[PDB]
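For what it's worth, this note's numbering labels the leading residue of the sequence shown as 32, then goes sequentially. Below is one structure, written out as structure tokens, with a few remarks after it.
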Amino acid sequence: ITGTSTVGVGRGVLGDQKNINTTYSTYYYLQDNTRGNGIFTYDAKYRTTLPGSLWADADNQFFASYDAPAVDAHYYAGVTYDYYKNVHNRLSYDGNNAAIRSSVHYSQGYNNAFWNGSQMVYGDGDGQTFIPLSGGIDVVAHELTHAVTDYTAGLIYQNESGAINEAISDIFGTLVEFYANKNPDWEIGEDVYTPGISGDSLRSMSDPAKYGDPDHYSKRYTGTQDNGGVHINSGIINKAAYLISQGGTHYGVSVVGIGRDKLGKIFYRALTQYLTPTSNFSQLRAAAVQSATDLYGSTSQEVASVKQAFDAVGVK
Ligand SMILES: [Ca+2]
Ligand SMILES: [Ca+2]
Ligand SMILES: [Ca+2]
Ligand SMILES: [Ca+2]
Ligand SMILES: [Zn+2]
């Protein structure tokens, strides 16, 4: 809507207070005009019809329990936009400042969040397995990254290309978490997963096997479930990414870590310049090696570490 840009205040899912960019026109709307073509957050009102209604508030104060998921979806979408713009010089998910839209309170007791090809959608969780999904910055960044992938490499969501698609979302979801410096770690979804259990997460990049996911190509899932194991086999790539950044010895192969910033530069270049819709793990290795070569030279430590990391997880 057309209005005056202002700043409101509210509390997120985890009870933390934060300022959010809003727009005033009779009501105060969750519309941030400071980032690209704007960030819009909608209320799906427990229904499944999308996008729902643009979030309207009477006083620009968002401290009601019902407001929490909206506050975080709006705020974290902004942080993710900032990461891509400041770190990778990318304007929104399409590279042309496309408006970012999110809907919260989708369905009832919905333990899922997703990118539907046009916008992000967040369930409230059932209160047991998940609390409102937008409360996790790595969750929000994971979802917005699916949009980035769709506009660039276009990795098909099935088998190996799909596992790469998933890993890319986990990798950048984690890098955004570190960017925001919000209790960063190499775990996925820890802030909104199982509120009754502390110390766990949905997936682990540092040790995928902790939750039963493969950490070596020899242990890859070859079945048909989960679109060919896209959320399972992503563990193989997540482990490789973790090793490239942090280093370590995995299955007898030693990797010298080169840091998170270089990891991000290498994978972003691979995603935007070399990967294609049908790329498999072997092609990802080639793309990553070429990207590191472009950026640091064929005889650099960076290229060496990328090769070692993929050797460690069995991807040739
Ligand atoms: Ca209010
Ligand atoms: Ca964390
Ligand atoms: Ca995390
Ligand atoms: Ca938990
Ligand atoms: Zn995903």
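Using N, Cα and C, we set each Cβ at its ideal position, and we do this for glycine too.
Nonlocal neighbours in the same chain, by C-beta distance under 8 Å from residue i, ignoring five residues either side
i	result
residue 308	184, 185, 186, 187, 192
Residue i classed as buried or exposed, judged by whether at least 16 other C-beta atoms fall within 10 angstroms
i	result
residue 313	exposed
residue 349	Residue 349 falls outside the range modelled here, since the chain spans only 32 to 347, and no answer is possible.
residue 226	exposed
residue 251	buried
residue 341	buried
residue 269	buried
residue 111	buried
residue 195	buried
Nonlocal neighbours in the same chain, by C-beta distance under 7 Å from residue i, ignoring five residues either side
i	result
residue 45	166, 222
residue 337	275, 297, 319, 320, 323
residue 157	140, 142
Rounded separation between residue i and residue j - CA only
i	j	result
residue 82	residue 332	47 Å
residue 233	residue 344	21 Å
residue 33	residue 72	15 Å
residue 131	residue 68	8 Å
residue 283	residue 339	11 Å
residue 140	residue 133	18 Å
residue 264	residue 38	42 Å
residue 144	residue 317	31 Å
Local conformation of residue i per DSSP, three classes
i	result
residue 177	helix
residue 281	strand
residue 85	strand
residue 204	helix
residue 213	coil
residue 97	coil
Spatial neighbours of residue i in its chain, beta-carbon cut-off 6 Å, leaving aside the 5 residues before and after
i	result
residue 125	182
residue 303	183
heavy atom of ligand 5 below 8 Å from residue i C-beta
i	result
residue 247	no
residue 119	no
residue 208	no
Residue i CB to nearest heavy atom of ligand 1 below 8 Å
i	result
residue 244	no
Any non-hydrogen atom of ligand 3 closer than 8 Å to residue i Cβ
i	result
residue 292	no
residue 232	yes
beta-carbon residue i near ligand 4 non-hydrogen atom, thresh 8 Å
i	result
residue 229	yes
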